[PDB]
Amino acid sequence: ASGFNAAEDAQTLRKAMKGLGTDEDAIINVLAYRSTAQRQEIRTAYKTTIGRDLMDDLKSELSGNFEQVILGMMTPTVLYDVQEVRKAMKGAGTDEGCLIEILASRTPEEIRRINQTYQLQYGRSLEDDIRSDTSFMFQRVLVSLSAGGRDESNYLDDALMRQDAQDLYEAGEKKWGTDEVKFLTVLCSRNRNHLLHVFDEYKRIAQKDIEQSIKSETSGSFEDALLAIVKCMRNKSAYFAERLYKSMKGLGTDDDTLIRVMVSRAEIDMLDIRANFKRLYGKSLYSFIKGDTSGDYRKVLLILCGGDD
């Protein structure tokens, strides 16, 4: 909020938590209305102003889904990224959907810090953890991205770029699983300027847009990420929305994802994602999140959304 005081409102985060039960309806009407920076500032305050460690108290009196979400809002940015990718990183199927929605989506200086922390917090790095838990070819894409060796200068190299689209047909006809230099690099190496412009010469050299062809040559998780990168690097909020739709859709809700997206993306482009949902899925994301959730769990999300229409 405008002119915030960590300790003062932190005295309410305590007042409300006080006594068996909790006044959760007001947690949203303080915590969900601050920026993250200010939230962690609440943390500083609740430490010295109360004396217990806030994050745990939240986590020692809040129920289920409302804990993973308030938690996400209460966590600092890179640590939502590091701790998330960790969460995602093994079990069954490695929620490679998250490793697809945590790598493609961050910029190269953004991915790099996160490696340093997934090493640090735990002991051994992202790519190490990637190599077992993700496999074979799709692994490659992930390995490339987690390193972060990607061109940052917005610049079009008209020849290698025109050559690259040429190659994406070469390594277009061979499932994109041949000559492990194109599909990976061409997408996971050259700056969005050089990238989309080859995306001008593939819609030309090939008459079949790079999108379509990625789906009709390639298949599976590989395809998900290769194709994730195209969405992130053409319009990132249209992918965060494609994801949203792609969580809240279907039998039941695939909570976790929508949780990490809602929490995370909440402060970069939610009024942007939202437009690419009004058109893309002819309705609002608000209302999508309205019928597919419960009480103050939905209610705080109707605020990480930020409203209807």
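Within each chain the first residue of the written sequence is number 1 and the count goes on from 1 in that order, possibly differing from the entry; residues lacking coordinates are omitted. The basis for every side-chain value is the complete set of heavy atoms in the structure, and neither hydrogens nor water enter the calculation.

Method information in the entry identifies X-ray crystallography as the source of the structure, with 3.0 Å recorded as the resolution.

**Quick notes on the overall build of the protein chain**
Here is the rule we go by: Helix and strand definitions here come from DSSP, where helices need a minimum of 4 consecutive H or I residues and strands a minimum of 2 consecutive E residues; each element is numbered from the N-terminal end. Only the C-alpha atoms count toward the radius of gyration. The rule for a globule is 2.2 Å times the residue count to the power 0.38. Only protein chains enter the calculation, and the probe is 1.4 Å; a residue is then buried if its accessible area is under 20% of its type maximum, exposed if over 50%, and partly exposed in between. The contact criterion used is simple: two residues touch if any of their non-hydrogen atoms lie within 4.5 Å. Note on areas: these come from Shrake-Rupley sampling with a 1.4 Å probe, and a residue is covered only by the protein chains present in the view. In this charge count, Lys and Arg are treated as positive and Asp and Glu as negative; neither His nor the chain ends contribute. Just so you know, the charge point we use is NZ for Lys, CZ for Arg, CG for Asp and CD for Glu.
Looking only at helices and strands, the protein chain features 20 helices and zero strands. The C-alpha atoms of the protein chain give a radius of gyration of 21 Å, which matches the 19 Å a tight globule of 309 residues would have. Projected onto its principal axes, the C-alpha positions of the protein chain cover 65 × 45 × 40 Å. By residue count, 49% of the 309 residues in the protein chain fall in the buried class. Across the protein chain, contacts joining residues at least 24 apart in sequence account for 70% of those joining residues at least 6 apart. Accessible surface for the protein chain amounts to roughly 14500 Å². Of this, 49% is attributable to carbon and sulfur atoms. For the protein chain, the separation between the mean place of its 44 positive charges and that of its 50 negative charges on side chains is 2 Å.

**Details of the nonpolar core**
We count it as follows: Here, the term nonpolar core denotes a set of buried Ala, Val, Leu, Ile, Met, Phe, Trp, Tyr and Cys residues that are joined through side-chain atoms within 4.5 Å.
In this structure, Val141, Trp176, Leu187 and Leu244 are the most contacted members of the largest nonpolar core, which totals 93 residues. Among the elements that make up this core, the one with the highest residue count is helix α15 (residues 220-248) (14 residues). The residues contacting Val141, other than those within four sequence positions of it, are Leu184, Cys188, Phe222, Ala225, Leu226 and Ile229.

**A closer look at the packing of helix α7 (residues 96-103) against α15**
Convention followed: Under this scheme, a helix contributes an axis fitted over its contacting stretch, all axes are lines through C-alpha atoms, and angles between N-to-C directions fall in the 0 to 180 degree range. For this classification, under 35 degrees means roughly parallel, over 145 means roughly antiparallel, 65 to 115 means roughly perpendicular, and everything else is oblique. When the near helix sits turned anticlockwise from the far one by under a right angle, the crossing is termed left-handed; a clockwise turn instead gives a right-handed crossing. Three classes are used: nonpolar for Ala, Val, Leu, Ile, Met, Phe, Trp, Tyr, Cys and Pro, charged for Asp, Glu, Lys and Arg, and polar for all others, with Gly counted as polar.
Two elements in contact, α7 and α15, have axes separated by 9 Å at closest approach and are oriented at 60 degrees. Judged by the inter-axis angle, α7 sits oblique to α15. Our pair here, α7 against α15, has a crossing hand that is right-handed. Counting all contacts with α7, which are made through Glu96, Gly97, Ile100 and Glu101, the residues of α15 involved are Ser221, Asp224, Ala225, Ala228, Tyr239, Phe240 and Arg243. Here the residues of the contact of α7 with α15 are counted per class, giving five nonpolar, two polar and four charged.

**Notes on the pattern of salt bridges**
Worth spelling out the cut-off: What makes a salt bridge here is a side-chain nitrogen of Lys or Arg within 4 Å of a carboxyl oxygen of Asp or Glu, nothing more.
Tallied over the entire structure, the rule returns 26 salt bridges. A salt bridge links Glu127 to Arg131; the shortest N-O distance between them is 2.8 Å. Remark: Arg131 and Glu127 occur in helix α9 (residues 126-133); sequence separation between them is four residues, near one turn of the helix. Close ionic contact of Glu201 with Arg204 constitutes a salt bridge, the shortest N to O distance being 3.3 Å.

**A short note on the environment of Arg14**
Within the element layout of this structure, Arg14 appears in helix α1 (residues 6-17). Linking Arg14 and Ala32, residues 18 residues apart in sequence, is a C-alpha distance of 16 Å. In this structure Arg14 touches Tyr46, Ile50 and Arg52, once residues within four positions along its chain are discounted.

**What to know about the domain arrangement of the protein chain**
How we decide: For the purposes of this description, domain bounds are those given by an automatic or database domain assignment.
Each assigned domain of the protein chain is listed with its residue range as follows: domain 1 (3-75), domain 2 (76-149), domain 3 (150-235) and domain 4 (236-307). A C-alpha centroid distance of 45 Å is found between domain 1 and domain 3.

**Thoughts on the UniProt feature "repeat: Annexin" in the protein chain**
Threshold: UniProt positions are given in the numbering used here, feature names are shortened, and annotations may be inferred rather than shown by experiment.
Per the UniProt record, "repeat: Annexin" is annotated on residues 4-75, 76-147, 159-231 and 235-306. The span residues 235-306 is 71% helix and 0% strand, and its two end C-alpha atoms sit 21 Å from each other.

**Details of the environment of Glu24**
Within the fold, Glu24 resides in the loop between α1 and α2 (25-28). Among the residues examined, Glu24 registers a relative accessible area of 26% and is labelled partly exposed. For the pair formed by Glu24 and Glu61, sequence separation is 37 residues and the distance between their alpha carbons is 9.4 Å. Setting aside residues no more than four positions away along its own chain, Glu24 makes contact with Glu61, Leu62, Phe66 and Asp296.

**Overview of the side chain of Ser213**
Selection rule: Whenever a nitrogen or oxygen atom comes within 3.5 Å of another N or O atom, the pair is scored as a polar contact, on the condition that within protein one atom can donate a hydrogen and the other can accept it, and that pairs from neighbouring residues in sequence are kept only if both atoms are in side chains.
Along the chain, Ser213 turns up in helix α14 (residues 210-217). Side-chain polar atoms of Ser213 contact the side chain of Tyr202, separated by 3.5 Å.

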